[PDB]
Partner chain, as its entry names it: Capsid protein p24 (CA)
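Quick setup: one chain, the form solved without the partner chain, written in structure tokens, and binding and motion questions come after.
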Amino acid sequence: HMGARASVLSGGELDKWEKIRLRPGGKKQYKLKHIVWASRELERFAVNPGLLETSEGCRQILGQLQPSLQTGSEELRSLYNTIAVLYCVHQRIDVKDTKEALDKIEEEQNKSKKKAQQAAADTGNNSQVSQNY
């Protein structure tokens, strides 16, 4: 029933964890209090905490979770963005906003990404008149 060892992070990864700004100009900042929530809502979603210590687990989450955000909650999304931090941390990367992390973490937290899409317009037929012959 027990297992986590101190916390998620290390000493260091805390002291970097100890001010990840939530939103671009919302002022307020991440703390380990918010991790402790996160690794809460995670591990109590379906997950294991020390499992989320490790980039292996934080992957097994951030994989299952990105999809499962459509299914989970906007509060999974806090679970997500703060996961994608704690992934950013466990890997190597440190961050300053979450979405900054989720930028690294959007990029598979190493590199590489494309996307495209296009589409363009679709309508038009009949809506006029001639009167005469």
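Positions refer to the first chain, counted from 1.
From this point on, the text means the form deposited with the partner chain bound, which you will not see here.
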(Q) So if I measure heavy atom distances to the partner chain in the deposited bound form, which of the stretches 93-101, 57-65, 77-85, 23-31 falls within 4.5 Å? (A) 57-65
Q.
I'd like to know if residue 37 sits close to the partner chain in the deposited bound form, meaning any non-hydrogen atom pair within 4.5 angstroms.
A. no
**Q.** Contact test in the deposited bound form: residue 47 vs the partner chain, heavy atoms, 4.5 Å
**A.** yes
(Q) If we define contact as a non-hydrogen atom of the residue within 4.5 angstroms of the partner, is residue 69 a contact of the partner chain in the deposited bound form? (A) no
